[PDB]
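Take a look at the structure set out below.
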Amino acid sequence: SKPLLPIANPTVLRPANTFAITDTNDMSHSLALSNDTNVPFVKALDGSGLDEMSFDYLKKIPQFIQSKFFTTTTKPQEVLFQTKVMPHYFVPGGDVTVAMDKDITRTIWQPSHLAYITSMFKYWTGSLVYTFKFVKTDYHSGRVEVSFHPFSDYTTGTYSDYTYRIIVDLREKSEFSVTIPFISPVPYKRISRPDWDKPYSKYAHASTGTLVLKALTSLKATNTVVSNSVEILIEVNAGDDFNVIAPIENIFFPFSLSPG
Amino acid sequence: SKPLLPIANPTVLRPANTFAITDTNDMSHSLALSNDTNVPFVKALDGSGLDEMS
Amino acid sequence: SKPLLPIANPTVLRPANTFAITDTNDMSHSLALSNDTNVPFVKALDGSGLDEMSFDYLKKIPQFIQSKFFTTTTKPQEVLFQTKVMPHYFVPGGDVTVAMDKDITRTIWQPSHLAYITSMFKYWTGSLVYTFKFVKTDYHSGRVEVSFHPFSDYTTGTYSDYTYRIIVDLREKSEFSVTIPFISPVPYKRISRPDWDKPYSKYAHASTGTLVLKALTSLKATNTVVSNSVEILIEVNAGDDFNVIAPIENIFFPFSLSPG
Amino acid sequence: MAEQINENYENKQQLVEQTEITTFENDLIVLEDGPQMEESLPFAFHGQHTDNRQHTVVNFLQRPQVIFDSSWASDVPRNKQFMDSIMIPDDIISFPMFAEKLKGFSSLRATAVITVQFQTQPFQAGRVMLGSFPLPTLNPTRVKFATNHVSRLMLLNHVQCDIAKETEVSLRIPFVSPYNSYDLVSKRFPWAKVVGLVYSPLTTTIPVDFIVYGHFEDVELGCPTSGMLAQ
Amino acid sequence: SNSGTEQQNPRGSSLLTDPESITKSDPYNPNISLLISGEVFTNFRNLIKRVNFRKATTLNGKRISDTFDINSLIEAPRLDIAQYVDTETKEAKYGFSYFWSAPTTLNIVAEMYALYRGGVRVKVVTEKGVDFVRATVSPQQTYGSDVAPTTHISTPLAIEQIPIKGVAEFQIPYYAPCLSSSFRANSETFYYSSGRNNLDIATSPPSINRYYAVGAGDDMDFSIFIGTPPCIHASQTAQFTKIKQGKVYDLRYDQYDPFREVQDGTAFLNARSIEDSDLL
Amino acid sequence: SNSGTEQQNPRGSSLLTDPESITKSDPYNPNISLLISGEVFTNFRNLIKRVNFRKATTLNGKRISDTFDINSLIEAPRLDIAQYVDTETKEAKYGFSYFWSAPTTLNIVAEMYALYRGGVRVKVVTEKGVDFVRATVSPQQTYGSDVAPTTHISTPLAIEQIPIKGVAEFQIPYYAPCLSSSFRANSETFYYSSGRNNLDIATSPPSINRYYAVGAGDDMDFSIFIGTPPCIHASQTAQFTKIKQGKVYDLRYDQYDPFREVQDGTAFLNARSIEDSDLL
């Protein structure tokens, strides 16, 4: 035959498909035996059907973020623990501390599990789950008050009776874990460099509010059989609606180590 | 398999789609997580269903 | 008519289709009378419907790899033959031995049938079939033990009673052929340069284990009518599940000869 | 098939008797004799030497085996070990009950179960963490950074114990490897390294004692082998 | 309830169910990521498809080849300690450095897992005047031979033409004996769990600078969660201490990305990669 | 059973059925090539489609043409013996060499078979400044004439434009009188079994270096298995003996592949192709 052909649609040509995009198509060459040679997805390699790669699995893993004490010298209404409500923290003592010279040592503060996982994004949302462990016996005793102040600080003139709180009687009880909801004027808050020693009024863009663990009582204990100190162990979990968007940031660069 | 292919229609290539036009298509790269990532239209942001842009 | 046209999808252009791929399409020009001019496939050119090009046909062809002897001086439990379980070997005396000068001669060890066919790939799997010929009469006699040690060597402290073995009574019988299965911790083992004189503990990446042909008995024979030596002739065949993957290697370069 | 017309040699397909593993294939004649009309004594007459049960080689692996039996005082603080590290399954299958049974097997694919006991009179406090780093010989770069600190171990697969609440604790570690099984003849590719840290120190002088048990479930034993390597 | 004697939120329980809300009501808000972001993020398996620049080859000559291991790209690059000496006052200042390297989107995810499975995608950017770029994989080790060939006759070849396609995109499959392979360094030598592969990028005419960007192929999958890697603060890139001959950036980095400015930090004097035994 | 008096595993029986397992049970494991490799290999008919570089034309001048036989490309190239003389001590060292040639994926398969049938695919890479490349086939022999024409008026022509497509891909059909043709050299002269064809690659402007890569066309088929060819170890490419003026590689090779490094081996002094009569 061999007849002519009508003109086609005007095209526009690129050097590469868009690096930025997750989907659509890729122009690479296949160095395999055939094109679109792919390895089938095999699940439960880790022994469980939980997709260990899923964000909704990783985010739900508890992690210790700070320790406090609760003693027989604690006054009532004394704050034991006070944090901005935010997913990203620093690891307490798990710093990377390398020697530079015979006597110069430097310390890199290391990221929370949530801090690392949200490190590449820009905004977050959803409820968080704060767990409190009390390493004690059935023969210590104490009331703590976990009150969630959604928009404000805990300062002078801050009555905790306005806020969803839980007054837990720690006689036999030993642990405590609440889901702190996402209450904010913004559908998303900012991921940031974590700062323990900041109020909420600063970092107002990265936190929803402040949560406070407050003593209602001194720690009751007979000194001849049990101790006077009891360590508060705080963990952070990331709820179920915890959603994270806008992947145009980096707060933490990872590196690998060299074998020694 | 790998057989030959017939010749295609003659094309004509541009540096850009026409700036002037409202519609049709745009050749840009998406800097989002995925291509054709778009925000849904939400109406009555101004408190009324009147399209304040119309 | 002649109206305008909408813009097309953004394309990306290459100098050539991917050399590496077996399938998909090729951009070449046809120097024939018409495009996609192809010669129809005609089978049984070789007189048989077996696709002489199929890997699953080529792999199933027996080939002699080493000779041993079995005499009236052989002690019981003496190893006659010991090999790593692997498809690729060297041809015994079929070396390429060319003269370089009036008195310089060099020898190229030549590849097994399986060695050559798997030479372009990287990993193999599947069962192998080792054949043992005993060039004797009905008036020789002997027991041999063919025991497959899947993960280990044959050394001191190696009892062959732990392993699938065959104690064959060679009075009238003369031949012997077993399918040695693929037992390994890896779904595939490595194709390599073959080495007879290596144990399994070295080449642990290329072999499944060691197979051993061991005498259970001296060779019984009256010296006035038959001989004292009987030659063991070993062949190697490559099973039916023998699968070979990852075509990114070359161990053997072929060449053609010049007419003399 | 190459066709073969044989009339001088019988296809002696009998005289071929496999006995579990070993196959005899014989010429001439096979003979077998003994006392004829064999009976057995009923079970009341003997059987004072056995239990009313049978033990395979899969149990003997499902049996708990004591690995550790020790203590730790109040001098060890958070993020420091209270028990020695355990390689799975090297520090388990090296005990004679298991090793005598795994011998003669190529490999092992099973989930391992590490159980730990804890002794407490009700006046003692503290918490303790038991985690497992997968495949420590394949990623040695990352082992000691994921196990020198609590809150990098507990996001791994871990199990905690409140000293004044839990008297037993058991972590289930499923088999996981780039491979199918665990090479027994060469002991290559252990699939976890159990480490034990202190989540919070003791509050009294009285140390705490602990027993570490280890067994396997979901057991798939490999091919029979001699299991000896050169050296 | 929210408190009690049993462990109120163990790991195995956190993966499945959340504790009661402080409100003793429904604490959950509906997902509206698609309504504000315009896109939804749920799995890191998709996010690793994003290609970012990973390494650069500068310190060789005008060569026609560049061979290097593939699994090393799934690792995050080594962090190095940089010794700086003041050309005037001769006292030492000390910082951190990525030697002609940087991590990728891929490397942020891969460092949380133990094994990998699937193909790696490599895209190259070259200097001007380069006409072609060719990619080939080879096994790095002819097993049982002290030396590996310098050519191959049945390996994959893939040619991209720069002046008509400026980025040379290649996809390197998964070729390893095992189900899922390993990508970090180890001292295992008996038999191997990694698929050890080379990748040779050629340029016609021969050139000096090769810029490599890496990303996840479609079939990319990681296996066992192990934990968060050792990290460095991103803000440490802009912090610097001034000395006589110039600036000393806490996190020093090279022109690994052919599109980033060259930071005005003076060259160091010695480099030492942080070993696992250096951690205190 | 596994043993007996009849031949337990002849050829004709090995092609169809395997002997009993040593386990006296099922010895077979299931095919999982698609599950690990991501692809399945079963037939060499598909593998020959892979194109690798085969020869190079350097030792002519700045010409506008390069004519050569097509069936010679299905052969593996001749292996040559190289005489090296030490510029100092004047003793001879001896190695092997591929004179501006190398085998292809295609050549590994074609050397196991006797006859071929189908079209050959030839792809060319040229030097800079070349604008066009043209391909034409011609019969090499005007039968019955002592000379062949220098032009033709009804032959195939195929033009590729380099600066917009850098690799000039051509496909040469199967034109021979017989069902399946022969591709190796013979002394047959009565009538012929090979389809003797030339192939003329032109360059505008005329150039010197022509790099050719060959592969199997879709209709490629080989006929009669004959056996494994004479081979050379691939590891012999990196082994060398040092002399005064440089290195002497056991397997010496040229820049046949315009993307491979030039190996640092000194030129030889004499070349001799291994004849079939040289084998001992």
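Following the order of the structure tokens, first chain is A, next is B, and so on, with residues numbered from 1 inside each chain and ligands from 1 in the order they appear.
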- Query: Mind listing as a list in words which residues of chain B are within 7 Å of chain E, counting only C-alpha atoms?
  - Reply: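 Interface list for chain B against chain E: residues 37, 38, 39 and 40 of chain B.
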- Item | Residues of chain B within 6 Å of chain C, counting only C-alpha atoms, as a PyMOL selection string | chain B and resi 1-4
- Query: Among range 49-95 of chain C, which residues carry a DSSP assignment of strand (DSSP E), reported as a list in words?
  - Reply: residues 63, 64, 65, 66, 67, 68, 69, 70, 79, 80, 81, 82, 83 and 84 of chain C
- Task: Check the smallest atom-to-atom distance from each of D:134, D:207, D:196, D:104 to chain C using only C-alpha atoms, then report the winner.
- Result: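 Closest to chain C, using only C-alpha atoms: D:104.
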- Computed interatomic separation between CA of residue 169 in chain C and CA of residue 25 in chain F (Å):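 That distance, rounded to one decimal, is 21.2 Å.
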Find the residues of chain A that sit at most 6 Å from chain C; for each, write down the nearest two atoms and how far apart they are in Å, to one decimal. Count only C-alpha atoms. Sort by chain, then by number going up, and give it as a Markdown table.
| residue | atom | partner | partner_atom | distance |
| --- | --- | --- | --- | --- |
| A:9 | CA | C:8 | CA | 5.3 |
| A:10 | CA | C:7 | CA | 5.1 |
| A:11 | CA | C:8 | CA | 4.8 |
| A:12 | CA | C:10 | CA | 4.9 |
| A:13 | CA | C:11 | CA | 4.9 |
| A:14 | CA | C:12 | CA | 5.6 |
| A:31 | CA | C:20 | CA | 5.6 |
| A:33 | CA | C:21 | CA | 4.9 |
| A:34 | CA | C:21 | CA | 4.3 |
| A:35 | CA | C:21 | CA | 5.9 |
Would you mind exporting the chosen residues as a short mmCIF file (atom, residue, chain, number, x, y, z; two decimals), in the first residue's frame, restricted to C-alpha atoms?
data_model
loop_
_atom_site.label_atom_id
_atom_site.label_comp_id
_atom_site.auth_asym_id
_atom_site.auth_seq_id
_atom_site.Cartn_x
_atom_site.Cartn_y
_atom_site.Cartn_z
CA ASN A 9 -0.97 15.90 17.66
CA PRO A 10 1.76 18.38 18.64
CA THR A 11 3.97 16.79 21.27
CA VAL A 12 6.45 18.18 23.77
CA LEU A 13 9.56 16.27 24.77
CA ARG A 14 11.46 16.00 28.06
CA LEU A 31 18.75 -3.99 32.06
CA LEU A 33 16.10 -9.99 30.17
CA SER A 34 12.81 -8.33 29.23
CA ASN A 35 11.20 -4.95 29.71
#
Under the rule of at most 9 Å, produce a per-residue listing of chain A near chain D: chain, number, name, the closest pair of atoms, and the distance in Å, as CSV, using only C-alpha atoms.
residue,atom,partner,partner_atom,distance
A:45,CA,D:176,CA,7.0
A:46,CA,D:176,CA,5.9
A:47,CA,D:174,CA,5.6
A:48,CA,D:174,CA,8.5
A:58,CA,D:155,CA,9.0
A:61,CA,D:155,CA,5.9
A:62,CA,D:155,CA,6.4
A:63,CA,D:151,CA,5.1
A:64,CA,D:151,CA,5.1
A:65,CA,D:151,CA,7.5
A:91,CA,D:151,CA,7.3
A:92,CA,D:151,CA,8.7
A:93,CA,D:149,CA,7.6
A:94,CA,D:149,CA,5.9
A:112,CA,D:151,CA,8.5
A:113,CA,D:155,CA,7.7
A:134,CA,D:126,CA,8.7
A:135,CA,D:126,CA,5.0
A:136,CA,D:125,CA,4.8
A:137,CA,D:164,CA,5.7
A:138,CA,D:122,CA,7.2
A:139,CA,D:123,CA,7.2
A:174,CA,D:165,CA,8.5
A:225,CA,D:123,CA,6.5
A:226,CA,D:123,CA,5.8
A:227,CA,D:203,CA,5.8
A:228,CA,D:203,CA,8.4
A:229,CA,D:203,CA,7.5
A:230,CA,D:203,CA,7.9
A:231,CA,D:200,CA,7.4
A:233,CA,D:200,CA,8.4
A:235,CA,D:151,CA,8.7
A:256,CA,D:141,CA,7.6
A:257,CA,D:141,CA,5.8
A:258,CA,D:141,CA,6.5
A:259,CA,D:141,CA,5.8
A:260,CA,D:141,CA,8.6
Write out as CSV the residues of chain D that have any atom within 10 Å of an atom of chain F, one row each with the nearest atom pair and its distance in Å to one decimal, counting only C-alpha atoms, sorted by chain and then rising number.
residue,atom,partner,partner_atom,distance
D:1,CA,F:13,CA,4.2
D:2,CA,F:12,CA,5.0
D:3,CA,F:13,CA,8.6
D:4,CA,F:6,CA,7.1
D:5,CA,F:6,CA,8.8
D:6,CA,F:6,CA,7.3
D:8,CA,F:5,CA,9.3
D:9,CA,F:5,CA,6.7
D:10,CA,F:5,CA,8.4
D:11,CA,F:4,CA,7.1
D:12,CA,F:4,CA,7.8
D:13,CA,F:1,CA,6.3
D:14,CA,F:1,CA,9.2
D:16,CA,F:1,CA,7.9
D:18,CA,F:24,CA,8.2
D:20,CA,F:23,CA,9.4
D:21,CA,F:23,CA,7.2
D:22,CA,F:23,CA,8.5
D:23,CA,F:22,CA,8.1
D:25,CA,F:3,CA,7.4
D:26,CA,F:3,CA,9.2
D:27,CA,F:4,CA,8.9
Enumerate, in order of chain and increasing residue number, the residues of chain F with an atom no farther than 6 Å from chain E, each with its shortest atom pair and distance in Å to one decimal, counting only C-alpha atoms, as JSON lines.
{"residue": "F:36", "atom": "CA", "partner": "E:179", "partner_atom": "CA", "distance": 5.9}
{"residue": "F:104", "atom": "CA", "partner": "E:153", "partner_atom": "CA", "distance": 5.2}
{"residue": "F:105", "atom": "CA", "partner": "E:154", "partner_atom": "CA", "distance": 4.7}
{"residue": "F:234", "atom": "CA", "partner": "E:149", "partner_atom": "CA", "distance": 5.7}
{"residue": "F:235", "atom": "CA", "partner": "E:149", "partner_atom": "CA", "distance": 5.0}
{"residue": "F:237", "atom": "CA", "partner": "E:149", "partner_atom": "CA", "distance": 5.3}
{"residue": "F:238", "atom": "CA", "partner": "E:149", "partner_atom": "CA", "distance": 5.7}
{"residue": "F:259", "atom": "CA", "partner": "E:202", "partner_atom": "CA", "distance": 5.7}
- Query: Could you pull the residues within 10 Å of residue 279 in chain F, counting only C-alpha atoms, minus those fewer than 3 positions along the same chain, as a ChimeraX atom specification?
  - Reply: /C:95-99,257 /F:274-276
Expected file: the selected residues, N, CA, C and O atoms, as a short mmCIF file (atom, residue, chain, number, x, y, z; two decimals), in the first residue's frame:
data_model
loop_
_atom_site.label_atom_id
_atom_site.label_comp_id
_atom_site.auth_asym_id
_atom_site.auth_seq_id
_atom_site.Cartn_x
_atom_site.Cartn_y
_atom_site.Cartn_z
N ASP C 95 41.05 -30.75 26.16
CA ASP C 95 41.58 -29.40 26.21
C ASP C 95 41.90 -28.90 24.81
O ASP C 95 42.15 -29.68 23.89
N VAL C 96 41.90 -27.58 24.66
CA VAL C 96 42.43 -26.94 23.47
C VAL C 96 43.91 -26.70 23.72
O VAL C 96 44.28 -25.85 24.52
N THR C 97 44.76 -27.46 23.04
CA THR C 97 46.20 -27.40 23.24
C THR C 97 46.84 -27.00 21.91
O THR C 97 46.97 -27.82 21.01
N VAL C 98 47.22 -25.73 21.80
CA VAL C 98 47.79 -25.19 20.57
C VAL C 98 49.26 -24.88 20.80
O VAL C 98 49.69 -24.53 21.90
N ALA C 99 50.04 -25.02 19.73
CA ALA C 99 51.46 -24.72 19.76
C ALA C 99 51.66 -23.23 19.51
O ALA C 99 51.07 -22.66 18.59
N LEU C 257 37.18 -21.63 14.46
CA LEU C 257 38.48 -22.03 13.95
C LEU C 257 38.63 -21.60 12.50
O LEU C 257 37.66 -21.28 11.82
N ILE F 274 44.02 -19.41 14.96
CA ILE F 274 44.08 -20.83 15.27
C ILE F 274 43.30 -21.59 14.20
O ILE F 274 42.10 -21.38 14.01
N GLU F 275 43.99 -22.48 13.50
CA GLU F 275 43.35 -23.32 12.50
C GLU F 275 42.82 -24.58 13.16
O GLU F 275 43.21 -24.94 14.26
N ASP F 276 41.91 -25.26 12.46
CA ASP F 276 41.39 -26.51 12.99
C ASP F 276 42.48 -27.57 13.08
O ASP F 276 42.39 -28.48 13.90
#
- Item | Within 7 Å of range 67-79 of chain A using only C-alpha atoms, minus same-chain residues under 2 positions, as a list in words |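 Near neighbours after the sequence-gap exclusion: residues 81, 82, 213, 214, 215, 216, 217, 218, 219, 220, 228, 229, 230, 231, 232, 233 and 234 of chain A.
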Residues from last step as file, N, CA and C atoms, as a PDB file, in the first residue's frame:
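part13.pdb, freshly written:
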ATOM      1  N   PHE A  81       5.270  16.571  84.792  1.00  0.00           N
ATOM      2  CA  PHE A  81       5.598  16.450  83.386  1.00  0.00           C
ATOM      3  C   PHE A  81       4.743  17.450  82.640  1.00  0.00           C
ATOM      4  N   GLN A  82       5.342  18.113  81.671  1.00  0.00           N
ATOM      5  CA  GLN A  82       4.629  19.115  80.901  1.00  0.00           C
ATOM      6  C   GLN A  82       5.233  19.122  79.515  1.00  0.00           C
ATOM      7  N   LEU A 213       1.030  16.401  83.264  1.00  0.00           N
ATOM      8  CA  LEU A 213       0.908  15.394  84.308  1.00  0.00           C
ATOM      9  C   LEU A 213       1.242  16.086  85.623  1.00  0.00           C
ATOM     10  N   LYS A 214       0.252  16.238  86.491  1.00  0.00           N
ATOM     11  CA  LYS A 214       0.403  17.037  87.694  1.00  0.00           C
ATOM     12  C   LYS A 214       0.107  16.172  88.902  1.00  0.00           C
ATOM     13  N   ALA A 215       0.937  16.279  89.932  1.00  0.00           N
ATOM     14  CA  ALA A 215       0.656  15.578  91.176  1.00  0.00           C
ATOM     15  C   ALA A 215      -0.537  16.206  91.865  1.00  0.00           C
ATOM     16  N   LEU A 216      -1.453  15.368  92.333  1.00  0.00           N
ATOM     17  CA  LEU A 216      -2.453  15.823  93.282  1.00  0.00           C
ATOM     18  C   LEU A 216      -2.048  15.527  94.713  1.00  0.00           C
ATOM     19  N   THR A 217      -0.899  14.892  94.917  1.00  0.00           N
ATOM     20  CA  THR A 217      -0.562  14.357  96.223  1.00  0.00           C
ATOM     21  C   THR A 217       0.928  14.050  96.279  1.00  0.00           C
ATOM     22  N   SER A 218       1.472  14.097  97.487  1.00  0.00           N
ATOM     23  CA  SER A 218       2.798  13.570  97.743  1.00  0.00           C
ATOM     24  C   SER A 218       2.786  12.062  97.535  1.00  0.00           C
ATOM     25  N   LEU A 219       3.966  11.480  97.359  1.00  0.00           N
ATOM     26  CA  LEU A 219       4.039  10.027  97.261  1.00  0.00           C
ATOM     27  C   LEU A 219       4.073   9.443  98.664  1.00  0.00           C
ATOM     28  N   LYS A 220       3.098   8.602  98.977  1.00  0.00           N
ATOM     29  CA  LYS A 220       3.015   7.976 100.283  1.00  0.00           C
ATOM     30  C   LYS A 220       3.796   6.671 100.271  1.00  0.00           C
ATOM     31  N   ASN A 228      11.587   5.999  98.310  1.00  0.00           N
ATOM     32  CA  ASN A 228      10.845   7.247  98.246  1.00  0.00           C
ATOM     33  C   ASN A 228      10.688   7.771  96.834  1.00  0.00           C
ATOM     34  N   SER A 229      11.566   7.378  95.920  1.00  0.00           N
ATOM     35  CA  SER A 229      11.499   7.786  94.526  1.00  0.00           C
ATOM     36  C   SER A 229      10.765   6.732  93.716  1.00  0.00           C
ATOM     37  N   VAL A 230       9.986   7.193  92.745  1.00  0.00           N
ATOM     38  CA  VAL A 230       9.366   6.346  91.738  1.00  0.00           C
ATOM     39  C   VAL A 230       9.498   7.065  90.406  1.00  0.00           C
ATOM     40  N   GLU A 231      10.058   6.384  89.408  1.00  0.00           N
ATOM     41  CA  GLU A 231      10.385   7.001  88.125  1.00  0.00           C
ATOM     42  C   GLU A 231       9.176   7.020  87.200  1.00  0.00           C
ATOM     43  N   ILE A 232       8.863   8.190  86.668  1.00  0.00           N
ATOM     44  CA  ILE A 232       7.831   8.334  85.653  1.00  0.00           C
ATOM     45  C   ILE A 232       8.471   8.065  84.304  1.00  0.00           C
ATOM     46  N   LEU A 233       7.888   7.150  83.532  1.00  0.00           N
ATOM     47  CA  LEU A 233       8.418   6.785  82.227  1.00  0.00           C
ATOM     48  C   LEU A 233       7.371   7.122  81.186  1.00  0.00           C
ATOM     49  N   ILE A 234       7.683   8.056  80.300  1.00  0.00           N
ATOM     50  CA  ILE A 234       6.723   8.557  79.329  1.00  0.00           C
ATOM     51  C   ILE A 234       7.059   7.981  77.963  1.00  0.00           C
TER      52      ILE A 234
END
- Skipping near chain neighbours, those fewer than 5 positions away, what residues fall within 8 Å of residue 244 in chain E using only C-alpha atoms, listed as a ChimeraX atom specification? /E:86-88
Can those selected residues be exported to a file as a compact mmCIF listing (two decimals), in the first residue's frame so that it contains C-alpha atoms?
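Now in again_20.txt:
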# COMPACT_ATOMS: atom_id res chain seq x y z
CA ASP E 86 43.74 27.42 60.36
CA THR E 87 46.29 28.57 57.77
CA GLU E 88 47.17 31.41 60.14
- Using only C-alpha atoms, which chain C residues lie at most 9 Å away from chain E, written as a VMD selection string? chain C and resid 12 to 21 120 to 124 185 to 195 201 to 206 245 to 251 253
- alpha helix (DSSP H) positions in range 57-276 of chain F, given as an NGL selection string: :F and (105-110)
- For CA of residue 83 in chain D and CA of residue 195 in chain D, quote the distance in Å rounded to one decimal.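 Answer for the CA of residue 83 in chain D to CA of residue 195 in chain D separation: 7.4 Å.
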- Would you mind listing what lies within 6 Å of residue 231 in chain F as a VMD selection string, with only C-alpha atoms counted and same-chain residues fewer than 2 positions away left out? chain C and resid 252 to 255
